[PDB]
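Chemist: Submitted below is the structure of interest, expressed as structure tokens.
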Amino acid sequence: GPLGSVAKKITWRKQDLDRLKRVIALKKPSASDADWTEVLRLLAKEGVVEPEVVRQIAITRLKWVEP
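Just remember that this note's numbering sits 340 ahead of the position in the sequence shown, which is counted from 1.
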């Protein structure tokens, strides 16, 4: 049924990543749950999982890298 890649109950697509990337450029977090709470506050509309996880997702998805 699903694609060949399991990862939570949220299929991170390019369309969903394109938006998040726009937030990371504005908020510009510093690798932290508290900070991610802001960027995730927007994408939260899509029922996104906790920020603690998204922190790593944006890395393996948006090729993000902590400072």
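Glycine is no exception: its CB is placed at the ideal position from the N, C-alpha and C atoms.
Write down the C-beta distance between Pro391 and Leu380 rounded to the nearest angstrom, noting that I regard them as a contact closer than 8 Å.
Modeler: With 8 Å as the limit, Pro391 and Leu380 qualify as a contact, their Cβ atoms being about 4 Å apart.
Chemist: Are any of the Cβ atoms in chain B nearer than 8 Å to that of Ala374?
Modeler: Absence of chain B from the displayed structure is noted, only one protein chain being present.
Chemist: Measuring only the C-alpha atoms, how far is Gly344 from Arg359?
Modeler: Whole-angstrom Cα-Cα distance: 23 Å.
Chemist: Looking only at DSSP bridge pairs, what is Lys385 linked to?
Modeler: Answer is none; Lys385 lacks a bridge partner.
Chemist: With respect to the alpha helix (DSSP H) encompassing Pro391, which residues constitute its N-terminal and C-terminal limits?
Modeler: Run containing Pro391: 391-401, per the alpha helix (DSSP H) assignment.
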